[PDB]
């Protein structure tokens, strides 16, 4: 998902 | 809390060769995955600090990513194709281990894996 979270959730 | 060192991609004490199948792992299999629009989570070792994943390296003891694999192939680090294939398998398993079944990253990972398998079926 998000670039900021490496595509990881929460 | 700290990241571990990344996997080795080079070693002068390991003998070297180029094979048709390793060329294919680089320029067909890795090339296809690397350019896919879902590659980006997998293109580099997981940065636990920067990503604030403090449990990642408690849970994942055998980390692997496509950054490392590409490097390994470029560095003639593998002697046998299955060594490389094993690294891909490890990358995909880790994803399934750490992430929840419903997470979008798991669906990215399975999409890449299907492509991977389809390519391995045509190895020379």
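Numbering of chain A is taken from Swiss-Prot, so the residues present carry the numbers 8-17, in order.
We read in the header that X-ray crystallography, 1.8 Å was used to get this structure.
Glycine residues also receive a Cβ, built from the backbone N, Cα and C atoms like all the rest.
The symmetric dimethylarginine annotation in Swiss-Prot covers A:9. Residues or ranges marked as citrulline in Swiss-Prot: A:9. Swiss-Prot lists A:10 (among others) with the feature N6-lactoyllysine, giving similarity to another entry as the kind of evidence. Annotation source Swiss-Prot lists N6-(beta-hydroxybutyryl)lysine at A:10, A:15. According to Swiss-Prot, the feature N6-(2-hydroxyisobutyryl)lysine maps to A:10 (among others). The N6,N6,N6-trimethyllysine feature in Swiss-Prot is assigned to A:10. Annotated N6-acetyllysine per Swiss-Prot: A:10, A:15, in sequence order. Annotation comment: Swiss-Prot describes A:10 as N6,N6-dimethyllysine. Among the features that Swiss-Prot reports, phosphothreonine is placed at A:12. The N6-glutaryllysine annotation in Swiss-Prot covers A:15, and the record cites similarity to another entry as its basis.
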Rounded inter-Cα distance in Å - the residue listed as 'symmetric dimethylarginine', residue A:15 (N6-glutaryllysine): 7
Neighbour tally for residue A:9 (symmetric dimethylarginine), based on other Cβ positions within 10 Å of its Cβ: 9
Residue A:12 (phosphothreonine), number of other Cβ atoms within 10 Å: 15
Three-state secondary structure, which DSSP defines for residue A:12 (phosphothreonine): helix
